[PDB]
Structure formats: structure tokens, C-alpha cells
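Enquirer: Handing over data_21.tsv, TSV, C-alpha atoms and all ligand atoms.
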chain	number	residue	atom	x	y	z
A	62	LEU	CA	-2.10	-1.45	34.52
A	63	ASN	CA	-2.07	-4.93	32.98
A	64	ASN	CA	1.58	-4.48	32.01
A	65	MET	CA	2.44	-3.49	35.58
A	66	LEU	CA	0.51	-6.46	36.99
A	67	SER	CA	2.25	-8.87	34.60
A	68	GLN	CA	5.63	-7.42	35.55
A	69	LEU	CA	4.76	-7.87	39.23
A	70	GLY	CA	3.70	-11.47	38.58
A	71	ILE	CA	-0.03	-11.33	37.84
A	72	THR	CA	-1.24	-12.12	34.31
A	73	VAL	CA	-4.82	-10.95	33.77
A	74	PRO	CA	-6.58	-12.69	30.85
A	75	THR	CA	-6.70	-10.54	27.73
A	76	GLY	CA	-10.49	-10.70	27.53
A	77	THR	CA	-11.77	-9.11	30.74
A	78	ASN	CA	-13.85	-6.16	31.88
A	79	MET	CA	-11.23	-4.22	33.88
A	80	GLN	CA	-13.50	-1.26	34.61
A	81	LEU	CA	-11.70	0.59	37.42
A	82	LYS	CA	-12.12	4.15	38.68
A	83	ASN	CA	-9.42	4.54	41.36
A	84	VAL	CA	-6.52	5.00	38.92
A	85	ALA	CA	-5.64	7.65	36.34
A	86	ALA	CA	-3.02	7.71	33.59
A	87	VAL	CA	-0.77	10.75	34.04
A	88	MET	CA	2.24	12.45	32.51
A	89	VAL	CA	5.02	13.52	34.88
A	90	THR	CA	7.36	16.37	33.97
A	91	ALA	CA	10.56	17.28	35.80
A	92	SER	CA	13.39	19.80	35.50
A	93	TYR	CA	16.78	18.07	35.46
A	94	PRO	CA	18.91	20.65	37.29
A	95	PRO	CA	22.49	21.54	36.31
A	96	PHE	CA	25.20	19.33	37.80
A	97	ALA	CA	22.57	16.81	38.88
A	98	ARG	CA	23.94	14.10	41.16
A	99	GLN	CA	22.88	10.46	41.18
A	100	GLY	CA	21.43	10.45	44.69
A	101	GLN	CA	19.67	13.82	44.60
A	102	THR	CA	15.92	14.41	44.35
A	103	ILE	CA	13.87	16.85	42.28
A	104	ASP	CA	10.28	18.06	42.20
A	105	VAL	CA	7.85	16.75	39.60
A	106	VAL	CA	4.53	17.86	38.13
A	107	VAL	CA	1.84	15.24	37.47
A	108	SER	CA	-0.94	16.00	34.98
A	109	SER	CA	-3.93	13.84	34.10
A	110	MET	CA	-3.90	12.29	30.63
A	111	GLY	CA	-7.31	10.70	30.06
A	112	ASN	CA	-10.69	11.68	31.49
A	113	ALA	CA	-9.86	11.53	35.21
A	114	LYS	CA	-12.01	13.89	37.26
A	115	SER	CA	-9.39	14.68	39.90
A	116	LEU	CA	-6.07	13.62	41.43
A	117	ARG	CA	-6.76	14.88	44.95
A	118	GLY	CA	-5.02	12.25	47.07
A	119	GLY	CA	-3.42	10.08	44.43
A	120	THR	CA	-0.06	8.32	44.47
A	121	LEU	CA	2.38	8.31	41.56
A	122	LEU	CA	3.95	4.86	41.14
B	59	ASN	CA	19.39	-10.68	36.93
B	60	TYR	CA	19.99	-7.20	38.36
B	61	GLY	CA	18.76	-5.30	35.30
B	62	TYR	CA	16.20	-2.53	35.44
B	63	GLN	CA	12.72	-3.33	34.14
B	64	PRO	CA	9.97	-0.77	33.46
B	65	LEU	CA	6.50	-1.37	34.87
B	66	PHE	CA	4.12	0.34	32.44
B	67	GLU	CA	5.88	-0.39	29.14
B	68	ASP	CA	4.70	-3.05	26.69
B	69	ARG	CA	7.51	-5.52	27.55
B	70	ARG	CA	9.01	-5.37	24.07
B	71	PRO	CA	12.16	-7.42	23.43
B	72	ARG	CA	15.25	-5.39	24.27
B	73	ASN	CA	18.29	-7.70	24.56
B	74	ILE	CA	19.86	-10.61	22.68
B	75	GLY	CA	17.93	-13.32	24.48
B	76	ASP	CA	14.52	-11.65	24.29
B	77	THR	CA	11.78	-13.49	22.41
B	78	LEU	CA	9.19	-12.01	20.05
B	79	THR	CA	6.05	-13.41	18.43
B	80	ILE	CA	5.65	-13.09	14.65
B	81	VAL	CA	2.31	-13.47	12.86
B	82	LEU	CA	3.15	-14.22	9.23
B	83	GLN	CA	-0.16	-13.25	7.56
B	84	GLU	CA	1.71	-12.89	4.27
B	85	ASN	CA	-0.32	-12.45	1.09
B	86	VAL	CA	1.14	-11.38	-2.26
B	87	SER	CA	-0.58	-11.47	-5.64
B	88	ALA	CA	0.67	-10.09	-8.97
B	89	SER	CA	-0.88	-10.39	-12.42
B	90	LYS	CA	0.12	-9.29	-15.91
B	91	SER	CA	-1.69	-9.46	-19.25
B	92	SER	CA	-1.15	-8.20	-22.78
B	93	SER	CA	-2.75	-8.68	-26.17
B	94	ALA	CA	-2.43	-7.39	-29.72
B	95	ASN	CA	-4.22	-7.97	-33.01
B	96	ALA	CA	-4.16	-6.74	-36.59
B	97	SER	CA	-6.54	-7.74	-39.39
B	98	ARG	CA	-6.55	-6.53	-42.99
B	99	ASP	CA	-8.96	-7.79	-45.63
B	100	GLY	CA	-9.43	-6.63	-49.21
B	101	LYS	CA	-11.26	-8.04	-52.19
B	102	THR	CA	-11.79	-6.33	-55.54
B	103	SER	CA	-13.76	-7.36	-58.62
B	104	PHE	CA	-14.65	-6.04	-62.08
B	105	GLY	CA	-16.39	-7.65	-65.04
B	106	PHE	CA	-18.48	-6.74	-68.08
B	107	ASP	CA	-20.34	-9.91	-69.06
B	108	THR	CA	-21.53	-7.76	-71.98
B	109	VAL	CA	-19.34	-5.40	-74.03
B	110	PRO	CA	-20.58	-2.77	-76.50
B	111	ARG	CA	-19.47	-3.14	-80.09
B	112	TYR	CA	-17.61	0.17	-79.87
B	113	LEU	CA	-15.88	-0.88	-76.62
B	114	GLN	CA	-14.94	-4.41	-77.74
B	115	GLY	CA	-11.45	-3.14	-78.53
B	116	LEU	CA	-10.52	-2.49	-74.90
A	201	LIG	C1	-2.46	8.48	-60.80
A	201	LIG	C2	-2.81	8.88	-62.23
A	201	LIG	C3	-1.54	8.98	-63.06
A	201	LIG	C4	-1.89	8.93	-64.53
A	201	LIG	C5	-1.93	7.49	-65.01
A	201	LIG	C6	-2.03	7.49	-66.54
A	201	LIG	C7	-2.80	6.26	-67.03
A	201	LIG	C8	-2.16	4.95	-66.50
A	201	LIG	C9	-2.39	3.80	-67.49
A	201	LIG	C10	-3.85	3.32	-67.41
A	201	LIG	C11	-4.21	2.51	-68.68
A	201	LIG	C12	-3.57	1.11	-68.62
A	201	LIG	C13	-2.66	0.83	-69.85
A	201	LIG	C14	-3.15	-0.46	-70.56
A	201	LIG	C15	-2.41	-0.64	-71.90
A	201	LIG	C16	-0.86	-0.68	-71.68
A	201	LIG	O1	-0.15	-0.07	-72.40
A	201	LIG	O2	-0.31	-1.45	-70.62
A	201	LIG	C17	-0.37	-2.84	-70.84
A	201	LIG	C18	0.08	-3.58	-69.59
A	201	LIG	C19	-0.68	-3.00	-68.38
A	201	LIG	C20	0.21	-2.01	-67.64
A	201	LIG	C21	-0.65	-0.98	-66.93
A	201	LIG	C22	-0.07	-0.72	-65.55
A	201	LIG	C23	-0.30	0.73	-65.13
A	201	LIG	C24	0.33	0.91	-63.74
A	201	LIG	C25	-0.56	1.77	-62.84
A	201	LIG	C26	-0.25	3.25	-63.09
A	201	LIG	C27	-1.38	4.08	-62.51
A	201	LIG	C28	-0.93	5.52	-62.34
A	201	LIG	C29	0.54	-3.22	-72.01
A	201	LIG	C30	-0.37	-3.48	-73.29
A	201	LIG	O3	-0.41	-2.68	-74.17
A	201	LIG	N1	-1.18	-4.74	-73.37
A	201	LIG	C31	-2.06	-5.00	-74.57
A	201	LIG	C32	-1.55	-6.16	-75.33
A	201	LIG	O4	-1.68	-7.32	-74.57
A	201	LIG	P1	-0.59	-8.52	-74.80
A	201	LIG	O5	0.61	-8.40	-73.99
A	201	LIG	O6	-1.10	-9.86	-74.49
A	201	LIG	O7	-0.10	-8.63	-76.16
A	201	LIG	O8	-2.35	-6.28	-76.53
A	201	LIG	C33	-3.69	-6.61	-76.28
A	201	LIG	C34	-4.45	-6.57	-77.62
A	201	LIG	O9	-4.48	-5.23	-78.11
A	201	LIG	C35	-5.77	-4.77	-78.44
A	201	LIG	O10	-6.21	-5.44	-79.58
A	201	LIG	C36	-7.54	-5.06	-79.97
A	201	LIG	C37	-7.99	-5.91	-81.13
A	201	LIG	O11	-7.77	-7.06	-80.93
A	201	LIG	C38	-7.53	-3.58	-80.38
A	201	LIG	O12	-8.81	-3.17	-80.72
A	201	LIG	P2	-9.21	-2.99	-82.30
A	201	LIG	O13	-10.01	-1.80	-82.57
A	201	LIG	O14	-8.07	-2.87	-83.20
A	201	LIG	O15	-10.00	-4.09	-82.85
A	201	LIG	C39	-7.03	-2.75	-79.20
A	201	LIG	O16	-6.86	-1.40	-79.63
A	201	LIG	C40	-7.83	-0.47	-79.10
A	201	LIG	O17	-8.06	-0.46	-77.95
A	201	LIG	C41	-8.56	0.52	-80.05
A	201	LIG	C42	-8.69	1.89	-79.34
A	201	LIG	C43	-9.94	1.92	-78.46
A	201	LIG	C44	-10.63	3.29	-78.58
A	201	LIG	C45	-11.99	3.25	-77.83
A	201	LIG	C46	-12.17	4.54	-76.99
A	201	LIG	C47	-11.49	4.37	-75.61
A	201	LIG	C48	-11.28	5.76	-74.97
A	201	LIG	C49	-10.95	5.60	-73.47
A	201	LIG	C50	-10.69	6.97	-72.85
A	201	LIG	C51	-9.98	6.80	-71.51
A	201	LIG	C52	-10.44	7.88	-70.53
A	201	LIG	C53	-9.39	8.08	-69.44
A	201	LIG	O18	-7.55	2.06	-78.58
A	201	LIG	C54	-7.46	3.29	-77.89
A	201	LIG	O19	-7.37	4.30	-78.50
A	201	LIG	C55	-7.47	3.30	-76.36
A	201	LIG	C56	-7.95	4.65	-75.85
A	201	LIG	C57	-6.77	5.59	-75.63
A	201	LIG	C58	-7.18	6.63	-74.60
A	201	LIG	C59	-6.04	7.62	-74.40
A	201	LIG	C60	-6.32	8.48	-73.18
A	201	LIG	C61	-6.56	9.92	-73.60
A	201	LIG	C62	-6.78	10.79	-72.37
A	201	LIG	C63	-8.27	10.93	-72.10
A	201	LIG	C64	-8.48	11.70	-70.80
A	201	LIG	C65	-9.97	11.75	-70.45
A	201	LIG	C66	-10.27	13.06	-69.71
A	201	LIG	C67	-11.67	13.00	-69.08
A	201	LIG	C68	-5.72	-3.26	-78.68
A	201	LIG	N2	-5.43	-2.59	-77.38
A	201	LIG	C69	-4.02	-2.21	-77.02
A	201	LIG	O20	-3.14	-2.46	-77.77
A	201	LIG	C70	-3.71	-1.52	-75.65
A	201	LIG	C71	-3.76	0.03	-75.73
A	201	LIG	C72	-3.31	0.55	-77.10
A	201	LIG	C73	-2.58	1.92	-76.91
A	201	LIG	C74	-2.74	2.78	-78.19
A	201	LIG	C75	-3.89	3.81	-78.00
A	201	LIG	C76	-3.33	5.19	-77.64
A	201	LIG	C77	-2.71	5.18	-76.22
A	201	LIG	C78	-2.26	6.60	-75.86
A	201	LIG	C79	-1.71	7.25	-74.59
A	201	LIG	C80	-2.01	6.41	-73.36
A	201	LIG	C81	-1.01	6.75	-72.28
A	201	LIG	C82	-1.54	6.32	-70.92
A	201	LIG	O21	-5.07	0.45	-75.48
A	201	LIG	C83	-5.29	0.93	-74.14
A	201	LIG	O22	-5.93	0.28	-73.39
A	201	LIG	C84	-4.69	2.29	-73.68
A	201	LIG	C85	-5.56	2.91	-72.54
A	201	LIG	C86	-4.98	4.31	-72.17
A	201	LIG	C87	-5.84	4.99	-71.09
A	201	LIG	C88	-4.98	6.05	-70.39
A	201	LIG	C89	-5.84	7.14	-69.75
A	201	LIG	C90	-4.95	8.33	-69.46
A	201	LIG	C91	-5.65	9.29	-68.51
A	201	LIG	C92	-4.73	10.48	-68.26
A	201	LIG	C93	-4.56	10.72	-66.77
A	201	LIG	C94	-3.35	11.62	-66.54
A	201	LIG	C95	-4.36	-5.63	-75.30
A	201	LIG	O23	-5.52	-6.22	-74.82
A	201	LIG	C96	-3.45	-5.29	-74.10
A	201	LIG	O24	-3.93	-4.14	-73.47
A	201	LIG	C97	-4.95	-4.34	-72.53
A	201	LIG	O25	-5.40	-5.42	-72.35
A	201	LIG	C98	-5.47	-3.16	-71.73
A	201	LIG	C99	-6.99	-3.24	-71.62
A	201	LIG	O26	-7.53	-3.51	-72.88
A	201	LIG	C100	-7.54	-1.92	-71.10
A	201	LIG	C101	-7.72	-1.99	-69.59
A	201	LIG	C102	-7.83	-0.56	-69.04
A	201	LIG	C103	-8.30	-0.61	-67.57
A	201	LIG	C104	-7.71	0.58	-66.81
A	201	LIG	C105	-6.35	0.20	-66.22
A	201	LIG	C106	-6.52	-0.15	-64.75
A	201	LIG	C107	-5.20	-0.65	-64.18
A	201	LIG	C108	-5.15	-0.34	-62.68
A	201	LIG	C109	-4.24	-1.33	-61.96
A	201	LIG	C110	-2.80	-0.86	-62.04
For this file, write the structure as C-alpha cells.
Expert:
Amino acid sequence: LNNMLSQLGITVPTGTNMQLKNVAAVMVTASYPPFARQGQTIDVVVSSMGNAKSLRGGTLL
Amino acid sequence: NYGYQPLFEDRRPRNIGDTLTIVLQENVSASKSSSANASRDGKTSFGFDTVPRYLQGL
């Protein structure tokens, strides 16, 4: 999250609490189909990585 | 710049112009020792100070 914020233009100090509960680290897996074209879209599967309780209405970024 | 940039990665240097921070923290220490010794001592004695009459010949 800090890396994303720094890339977007916000640099959080290294020593900070940063105790958030609305985000979850996830791994996304996809099946690259044969003859895949540049503009096409595919379905993905998102699975929690840490100790997140649920991903009910989350958004993958 | 039109290049692609990841959001969640650790922003490692990737191209020629990228800059990186180096912490030297170098510490090397080597030691070597060797020794050798050799001592020999000998000391022999023999004396009568009184010789029997029958042994005076030798
Ligand atoms: C590994 C084992 C291998 C085996 C080794 C074999 C033995 C290997 C050899 C060991 C013996 C050393 C030889 C020494 C004499 C010698 O040859 O090498 C000399 C140079 C040294 C080289 C040695 C390098 C070895 C290199 C090392 C090698 C080691 C291996 C040249 C020389 O000759 N120098 C010489 C010269 O000097 P000058 O240069 O300046 O001129 O002349 C002056 C003046 O002469 C004297 O004058 C006196 C009067 O004035 C006169 O008395 P008077 O009565 O007349 O008054 C008197 O007569 C007399 O003794 C009168 C009478 C005395 C009788 C009393 C009873 C004693 C019994 C005593 C009994 C002894 C018991 C063992 O005699 C004898 O019967 C002697 C006894 C003979 C025993 C035989 C053994 C039977 C086996 C009995 C076996 C017993 C079984 C249990 C006159 N004496 C002489 O002439 C000299 C000579 C006359 C020879 C004629 C007699 C028949 C010899 C007949 C045959 C002998 C052949 C060997 O006698 C000796 O000692 C000979 C000793 C032999 C012992 C060998 C044992 C073998 C074991 C056998 C083992 C296999 C001397 O002083 C001087 O000699 C001296 O100083 C010597 C000094 O004293 C004594 C010091 C001894 C300390 C131990 C060594 C310590 C040295 C250690 C450091 C290196």
C-alpha cells in the first residue's frame, strides 16, 4: 500500500502505525487463452493471501 | 515518459538512469599465527674420587 501511495505521489513516513482493515493482499490467477489478442479480456480468480476475513464487495486494483 | 510503472512493486532500479542506495557496512578481519620449538638438553658425569688398589689399573 505504501508503494502504491508513493507511486501515486504520496510518501508516508517509514515509521507510522498504518493499521487498516479495509484492504486485503490477494493473489490473482488467470488463464491466458490460445491466440490471445491485445485488446481482449479474460476472467480472473482473486484469493486472499494474509488473514483477511472476507472479500465480499472488494475491488481489485 | 510513457513507460509502464507497477504500483505494488518495491520500485527497484530497472533502467540505465535508475538510482540505488548502497550501505557499505563492510567489515573484514583475518588473522594467522604459527609457532614451533625444539629443546634438547643432556649432561653426563662419572667419577671415582677413590679407587680400589685392585682397580687402580683401569
Ligand atoms: C654395544 C656393545 C658392543 C660391545 C662393545 C665391546 C666393548 C667396547 C669397548 C669398551 C671398553 C673401552 C676400551 C678402552 C681401552 C681401549 O682399547 O680403547 C682406548 C681408547 C678408547 C676407545 C673406546 C671407544 C669405544 C667406542 C664405543 C663402542 C661401544 C660399543 C685405547 C687405549 O688402550 N688407551 C689406553 C692408553 O692410553 P694412552 O693413549 O694415553 O696411551 O694407555 C693407558 C695406560 O694403560 C694402562 O696402564 C696401567 C698402568 O699404568 C695398566 O695397569 P697395570 O696393572 O699394569 O698397573 C693398565 O692395564 C690394566 O688395565 C690391567 C688389567 C686390569 C684388570 C682388572 C680387572 C678388570 C675387569 C673388567 C671386566 C669388564 C666387564 C665388562 O687390564 C685388563 O685386563 C682390563 C680388563 C679386560 C676385560 C676384558 C673383557 C672380558 C669380557 C668380560 C665380560 C663380562 C661378562 C659379565 C693399562 N690399561 C690399558 O692399556 C687399556 C686396556 C688394556 C687392554 C688389555 C686387556 C685385555 C683387553 C681384551 C679384550 C677387550 C676387547 C673389548 O684396558 C682396558 O681398559 C680394556 C677394557 C675392556 C673392556 C671390554 C668389555 C667387553 C664386554 C663384552 C661385550 C660384548 C690407558 O689408561 C688407556 O686406556 C684407558 O684409559 C681405558 C680406561 O682405563 C678404562 C675405561 C673403561 C670405561 C668403559 C668404556 C666406556 C666408553 C663409552 C663411551 C664410548
Enquirer: If the limit is 7 Å from any atom of ligand LIG 201 (chain A), counting only C-alpha atoms and all ligand atoms, which residues qualify? Return them as a PyMOL selection string.
Expert: chain B and resi 112-116
Enquirer: Would you export the selected residues with C-alpha atoms as a tab-separated table (two decimals), in the frame of the given file, please?
Expert:
chain	number	residue	atom	x	y	z
B	112	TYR	CA	-17.61	0.17	-79.87
B	113	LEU	CA	-15.88	-0.88	-76.62
B	114	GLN	CA	-14.94	-4.41	-77.74
B	115	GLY	CA	-11.45	-3.14	-78.53
B	116	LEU	CA	-10.52	-2.49	-74.90
Enquirer: Rounded to one decimal in Å, what is the spacing between CA of residue 88 in chain A and CA of residue 75 in chain A?
Expert: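 So the answer is 25.1 Å.
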Enquirer: To one decimal place in Å, what is the distance between CA of residue 79 in chain B and CA of residue 63 in chain A?
Expert: 18.7 Å
Enquirer: Could you check which of A:109, A:99, A:67, A:83 is closest to chain B, using only C-alpha atoms?
Expert: A:67
Enquirer: Using all atoms listed in the file, what table do you get, as a tab-separated table, when you list each residue of chain B with an atom no more than 8 Å from chain A, its nearest pair of atoms, and their distance in Å rounded to one decimal, rows by chain then rising number?
Expert:
residue	atom	partner	partner_atom	distance
B:65	CA	A:65	CA	4.6
B:66	CA	A:65	CA	5.2
B:67	CA	A:64	CA	6.6
B:68	CA	A:64	CA	6.3
B:69	CA	A:64	CA	7.5
Enquirer: Which residues come within 10 Å of residue 82 in chain A, counting only C-alpha atoms, excluding same-chain residues fewer than 3 positions away, as an mmCIF file with C-alpha atoms, in the coordinates of the input?
Expert:
data_model
loop_
_atom_site.group_PDB
_atom_site.id
_atom_site.type_symbol
_atom_site.label_atom_id
_atom_site.label_comp_id
_atom_site.auth_asym_id
_atom_site.auth_seq_id
_atom_site.Cartn_x
_atom_site.Cartn_y
_atom_site.Cartn_z
ATOM 1 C CA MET A 79 -11.230 -4.220 33.880
ATOM 2 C CA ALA A 85 -5.640 7.650 36.340
ATOM 3 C CA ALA A 113 -9.860 11.530 35.210
ATOM 4 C CA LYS A 114 -12.010 13.890 37.260
#
Enquirer: From the list A:71, A:91, A:107, A:97, which residue is nearest residue 120 in chain A when using only C-alpha atoms?
Expert: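 Checking each of A:71, A:91, A:107, A:97 against residue 120 in chain A, counting only C-alpha atoms, the winner is A:107.
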Enquirer: So how far away is CA of residue 87 in chain A from CA of residue 111 in chain A, in Å?
Expert: 7.7 Å
Enquirer: Report, as lines of an AutoDock Vina configuration file, the centre and edge lengths in Å (one decimal) of the axis-aligned box enclosing every listed atom of range 95-114 of chain A, padded by 8 Å on each side.
Expert:
center_x = 6.6
center_y = 16.0
center_z = 37.4
size_x = 53.2
size_y = 27.1
size_z = 30.6
